[PDB]
file data-v8.pdb (PDB, C-alpha atoms (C1' of nucleotides))
ATOM      1  CA  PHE A   1      47.069  13.612  53.043  1.00  0.00           C
ATOM      2  CA  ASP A   2      50.317  12.881  51.168  1.00  0.00           C
ATOM      3  CA  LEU A   3      52.686  14.693  48.788  1.00  0.00           C
ATOM      4  CA  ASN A   4      50.329  13.904  45.905  1.00  0.00           C
ATOM      5  CA  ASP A   5      47.480  15.917  47.344  1.00  0.00           C
ATOM      6  CA  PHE A   6      49.962  18.656  48.224  1.00  0.00           C
ATOM      7  CA  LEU A   7      50.891  18.555  44.535  1.00  0.00           C
ATOM      8  CA  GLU A   8      47.323  19.263  43.412  1.00  0.00           C
ATOM      9  CA  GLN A   9      47.751  22.491  45.374  1.00  0.00           C
ATOM     10  CA  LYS A  23      56.908  30.992  38.949  1.00  0.00           C
ATOM     11  CA  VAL A  24      58.171  29.382  42.148  1.00  0.00           C
ATOM     12  CA  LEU A  25      55.265  26.946  41.932  1.00  0.00           C
ATOM     13  CA  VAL A  26      56.714  25.398  38.758  1.00  0.00           C
ATOM     14  CA  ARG A  27      59.928  24.498  40.589  1.00  0.00           C
ATOM     15  CA  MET A  28      57.913  23.003  43.467  1.00  0.00           C
ATOM     16  CA  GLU A  29      56.213  20.636  41.030  1.00  0.00           C
ATOM     17  CA  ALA A  30      59.654  19.942  39.538  1.00  0.00           C
ATOM     18  CA  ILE A  31      60.912  18.668  42.882  1.00  0.00           C
ATOM     19  CA  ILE A  32      57.893  16.454  43.609  1.00  0.00           C
ATOM     20  CA  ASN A  33      57.901  15.311  39.978  1.00  0.00           C
ATOM     21  CA  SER A  34      61.298  13.791  40.634  1.00  0.00           C
ATOM     22  CA  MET A  35      60.320  11.535  43.546  1.00  0.00           C
ATOM     23  CA  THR A  36      59.094   7.959  43.326  1.00  0.00           C
ATOM     24  CA  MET A  37      55.551   6.949  44.231  1.00  0.00           C
ATOM     25  CA  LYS A  38      56.512   5.510  47.614  1.00  0.00           C
ATOM     26  CA  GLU A  39      58.213   8.787  48.442  1.00  0.00           C
ATOM     27  CA  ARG A  40      55.170  10.871  47.523  1.00  0.00           C
ATOM     28  CA  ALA A  41      52.970   8.644  49.681  1.00  0.00           C
ATOM     29  CA  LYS A  42      55.155   8.193  52.784  1.00  0.00           C
ATOM     30  CA  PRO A  43      57.311  11.403  52.894  1.00  0.00           C
ATOM     31  CA  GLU A  44      59.144  10.494  56.099  1.00  0.00           C
ATOM     32  CA  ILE A  45      61.220   7.868  54.282  1.00  0.00           C
ATOM     33  CA  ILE A  46      62.951  10.698  52.397  1.00  0.00           C
ATOM     34  CA  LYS A  47      66.350  11.032  54.092  1.00  0.00           C
ATOM     35  CA  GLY A  48      69.762  12.231  52.890  1.00  0.00           C
ATOM     36  CA  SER A  49      70.482   9.878  50.000  1.00  0.00           C
ATOM     37  CA  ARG A  50      67.065  10.290  48.413  1.00  0.00           C
ATOM     38  CA  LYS A  51      67.171  14.081  48.886  1.00  0.00           C
ATOM     39  CA  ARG A  52      70.397  14.059  46.876  1.00  0.00           C
ATOM     40  CA  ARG A  53      68.782  12.056  44.055  1.00  0.00           C
ATOM     41  CA  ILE A  54      65.733  14.337  44.074  1.00  0.00           C
ATOM     42  CA  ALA A  55      67.667  17.616  44.111  1.00  0.00           C
ATOM     43  CA  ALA A  56      69.970  16.731  41.193  1.00  0.00           C
ATOM     44  CA  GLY A  57      67.037  15.115  39.417  1.00  0.00           C
ATOM     45  CA  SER A  58      65.125  18.389  39.386  1.00  0.00           C
ATOM     46  CA  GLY A  59      68.289  20.441  38.930  1.00  0.00           C
ATOM     47  CA  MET A  60      67.754  21.888  42.399  1.00  0.00           C
ATOM     48  CA  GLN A  61      69.742  22.044  45.634  1.00  0.00           C
ATOM     49  CA  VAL A  62      69.057  19.829  48.641  1.00  0.00           C
ATOM     50  CA  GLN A  63      68.085  22.972  50.567  1.00  0.00           C
ATOM     51  CA  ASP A  64      65.334  23.594  47.987  1.00  0.00           C
ATOM     52  CA  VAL A  65      64.064  20.049  48.606  1.00  0.00           C
ATOM     53  CA  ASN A  66      64.267  20.543  52.384  1.00  0.00           C
ATOM     54  CA  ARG A  67      62.415  23.834  51.907  1.00  0.00           C
ATOM     55  CA  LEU A  68      59.653  21.946  50.071  1.00  0.00           C
ATOM     56  CA  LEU A  69      59.431  19.026  52.518  1.00  0.00           C
ATOM     57  CA  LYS A  70      59.378  21.706  55.226  1.00  0.00           C
ATOM     58  CA  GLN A  71      56.463  23.500  53.546  1.00  0.00           C
ATOM     59  CA  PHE A  72      54.570  20.282  52.914  1.00  0.00           C
ATOM     60  CA  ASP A  73      55.191  19.701  56.610  1.00  0.00           C
ATOM     61  CA  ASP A  74      53.641  22.944  57.883  1.00  0.00           C
ATOM     62  CA  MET A  75      50.974  22.076  55.314  1.00  0.00           C
ATOM     63  CA  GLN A  76      50.495  18.519  56.557  1.00  0.00           C
ATOM     64  CA  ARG A  77      50.462  19.793  60.142  1.00  0.00           C
ATOM     65  CA  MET A  78      47.805  22.322  59.126  1.00  0.00           C
ATOM     66  CA  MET A  79      45.732  19.285  58.157  1.00  0.00           C
ATOM     67  CA  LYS A  80      46.202  17.322  61.384  1.00  0.00           C
ATOM     68  CA  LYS A  81      44.259  20.165  63.019  1.00  0.00           C
ATOM     69  CA  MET A  82      40.725  19.972  61.589  1.00  0.00           C
TER
ATOM     70  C1'   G B   1      72.100 -24.496  35.719  1.00  0.00           C
ATOM     71  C1'   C B   2      70.650 -22.711  30.576  1.00  0.00           C
ATOM     72  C1'   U B   3      66.192 -21.290  28.103  1.00  0.00           C
ATOM     73  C1'   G B   4      60.599 -20.083  27.049  1.00  0.00           C
ATOM     74  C1'   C B   5      56.230 -18.487  29.412  1.00  0.00           C
ATOM     75  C1'   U B   6      53.449 -16.382  33.539  1.00  0.00           C
ATOM     76  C1'   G B   7      52.801 -13.859  38.390  1.00  0.00           C
ATOM     77  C1'   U B   8      55.369 -10.732  41.610  1.00  0.00           C
ATOM     78  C1'   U B   9      59.285  -7.488  43.170  1.00  0.00           C
ATOM     79  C1'   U B  10      63.349  -3.474  42.704  1.00  0.00           C
ATOM     80  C1'   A B  11      64.759   5.180  45.168  1.00  0.00           C
ATOM     81  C1'   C B  12      70.253   6.682  43.592  1.00  0.00           C
ATOM     82  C1'   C B  13      75.276   3.516  43.416  1.00  0.00           C
ATOM     83  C1'   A B  14      79.369   3.341  34.960  1.00  0.00           C
ATOM     84  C1'   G B  15      71.642  -0.087  30.689  1.00  0.00           C
ATOM     85  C1'   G B  16      67.954   2.837  26.801  1.00  0.00           C
ATOM     86  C1'   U B  17      64.520   6.568  26.386  1.00  0.00           C
ATOM     87  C1'   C B  18      63.550  10.844  29.121  1.00  0.00           C
ATOM     88  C1'   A B  19      57.492  14.398  30.755  1.00  0.00           C
ATOM     89  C1'   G B  20      58.799  17.964  34.273  1.00  0.00           C
ATOM     90  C1'   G B  21      62.971  20.874  35.919  1.00  0.00           C
ATOM     91  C1'   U B  22      68.361  22.097  35.572  1.00  0.00           C
ATOM     92  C1'   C B  23      73.178  23.625  33.128  1.00  0.00           C
ATOM     93  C1'   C B  24      76.092  26.158  29.014  1.00  0.00           C
ATOM     94  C1'   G B  25      75.008  29.752  25.054  1.00  0.00           C
ATOM     95  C1'   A B  26      73.203  36.788  22.870  1.00  0.00           C
ATOM     96  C1'   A B  27      71.077  33.300  19.594  1.00  0.00           C
ATOM     97  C1'   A B  28      71.354  29.033  16.630  1.00  0.00           C
ATOM     98  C1'   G B  29      71.942  25.298  19.424  1.00  0.00           C
ATOM     99  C1'   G B  30      74.260  22.050  22.683  1.00  0.00           C
ATOM    100  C1'   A B  31      75.120  18.959  27.793  1.00  0.00           C
ATOM    101  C1'   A B  32      73.879  16.071  32.043  1.00  0.00           C
ATOM    102  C1'   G B  33      69.582  13.674  33.629  1.00  0.00           C
ATOM    103  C1'   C B  34      65.296  12.260  38.540  1.00  0.00           C
ATOM    104  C1'   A B  35      60.347  10.182  38.241  1.00  0.00           C
ATOM    105  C1'   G B  36      57.789   7.203  34.498  1.00  0.00           C
ATOM    106  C1'   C B  37      58.302   3.728  30.918  1.00  0.00           C
ATOM    107  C1'   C B  38      61.197  -0.190  28.321  1.00  0.00           C
ATOM    108  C1'   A B  39      64.887  -3.303  29.536  1.00  0.00           C
ATOM    109  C1'   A B  40      67.556  -5.921  33.213  1.00  0.00           C
ATOM    110  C1'   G B  41      68.072  -8.165  37.981  1.00  0.00           C
ATOM    111  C1'   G B  42      65.645 -10.587  42.629  1.00  0.00           C
ATOM    112  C1'   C B  43      61.510 -14.384  44.472  1.00  0.00           C
ATOM    113  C1'   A B  44      58.739 -18.059  42.671  1.00  0.00           C
ATOM    114  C1'   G B  45      55.276 -21.591  39.343  1.00  0.00           C
ATOM    115  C1'   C B  46      54.990 -24.377  34.814  1.00  0.00           C
ATOM    116  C1'   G B  47      57.518 -26.353  30.299  1.00  0.00           C
ATOM    117  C1'   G B  48      62.052 -27.394  27.087  1.00  0.00           C
ATOM    118  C1'   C B  49      67.487 -28.993  27.057  1.00  0.00           C
TER
END
call {"tool": "encode", "arguments": {"input": "data-v8.pdb", "output": "structure tokens"}}
result
Amino acid sequence: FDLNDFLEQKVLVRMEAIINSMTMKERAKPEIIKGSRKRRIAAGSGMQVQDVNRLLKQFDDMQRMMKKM
RNA sequence: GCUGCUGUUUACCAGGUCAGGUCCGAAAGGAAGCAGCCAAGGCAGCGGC
């Protein structure tokens, strides 16, 4: 379960925007996304790092909700 | 080395285009620009000089 699957699942348009600005490797192995890449992603989707963190955070609770079934 | 071809590889860090999204604007319209792609570079094989 990666950020691509999470993508298949108003504010939702801006969530796609963020993911739509990452590279394939990033969508597949989310943990490689540190500070520098977050900056690229945020500006790339006209967002704020915090928005990105908020998304990665959600995908996290989401991913964690998967590693339990 | 230079050059042609082929395979492969490369998040951002003054290449082109730019889905999505963003910014400015009452609007008409403008601006920047990630991913992708093209290009370019890296690692090599073969050929030409």
call {"tool": "resolve_selection", "arguments": {"input": "data-v8.pdb", "expression": "the PyMOL selection byres ((chain B and resi 18) around 9)", "output": "PDB file with C-alpha atoms (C1' of nucleotides), in the coordinates of the input"}}
result
ATOM      1  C1'   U B  17      64.520   6.568  26.386  1.00  0.00           C
ATOM      2  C1'   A B  19      57.492  14.398  30.755  1.00  0.00           C
ATOM      3  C1'   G B  33      69.582  13.674  33.629  1.00  0.00           C
ATOM      4  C1'   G B  36      57.789   7.203  34.498  1.00  0.00           C
TER       5        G B  36
END
call {"tool": "interface_residues", "arguments": {"input": "data-v8.pdb", "of": "chain B", "to": "chain A", "cutoff": "6 Å", "atoms": "all atoms listed in the file", "output": "number ranges by chain"}}
result
B: 12, 20-22, 34-35
call {"tool": "closest_residue", "arguments": {"input": "data-v8.pdb", "among": "A:9, A:2, A:48, A:75", "to": "residue 11 (chain B)", "atoms": "all atoms listed in the file"}}
result
A:48
call {"tool": "axis_aligned_box", "arguments": {"input": "data-v8.pdb", "around": "region 10-27 of chain B", "padding_each_side": "4 Å", "output": "AutoDock Vina command-line options"}}
result
--center_x 68.4 --center_y 16.7 --center_z 32.4 --size_x 29.9 --size_y 48.3 --size_z 33.6
call {"tool": "atom_distance", "arguments": {"input": "data-v8.pdb", "atom1": "CA of residue 64 (chain A)", "atom2": "CA of residue 80 (chain A)"}}
result
24.2 Å
call {"tool": "residues_around", "arguments": {"input": "data-v8.pdb", "residues": "residue 43 (chain B)", "least_positions_apart": "6", "cutoff": "12 Å", "atoms": "all atoms listed in the file", "output": "MDAnalysis selection string"}}
result
chainID B and resid 7:10
call {"tool": "write_last_selection", "arguments": {"input": "data-v8.pdb", "atoms": "C-alpha atoms (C1' of nucleotides)", "output": "PDB file, in the frame of the given file"}}
result
ATOM      1  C1'   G B   7      52.801 -13.859  38.390  1.00  0.00           C
ATOM      2  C1'   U B   8      55.369 -10.732  41.610  1.00  0.00           C
ATOM      3  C1'   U B   9      59.285  -7.488  43.170  1.00  0.00           C
ATOM      4  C1'   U B  10      63.349  -3.474  42.704  1.00  0.00           C
TER       5        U B  10
END
call {"tool": "resolve_selection", "arguments": {"input": "data-v8.pdb", "expression": "the PyMOL selection byres ((chain B and resi 46) around 10)", "output": "VMD selection string"}}
result
chain B and resid 5 to 6 45 47
call {"tool": "atom_distance", "arguments": {"input": "data-v8.pdb", "atom1": "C1' of residue 31 (chain B)", "atom2": "CA of residue 23 (chain A)"}}
result
24.5 Å
call {"tool": "atom_distance", "arguments": {"input": "data-v8.pdb", "atom1": "CA of residue 62 (chain A)", "atom2": "CA of residue 41 (chain A)"}}
result
19.6 Å
call {"tool": "resolve_selection", "arguments": {"input": "data-v8.pdb", "expression": "the PyMOL selection byres ((chain B and resi 1) around 12)", "output": "ChimeraX atom specification"}}
result
/B:2-3,49
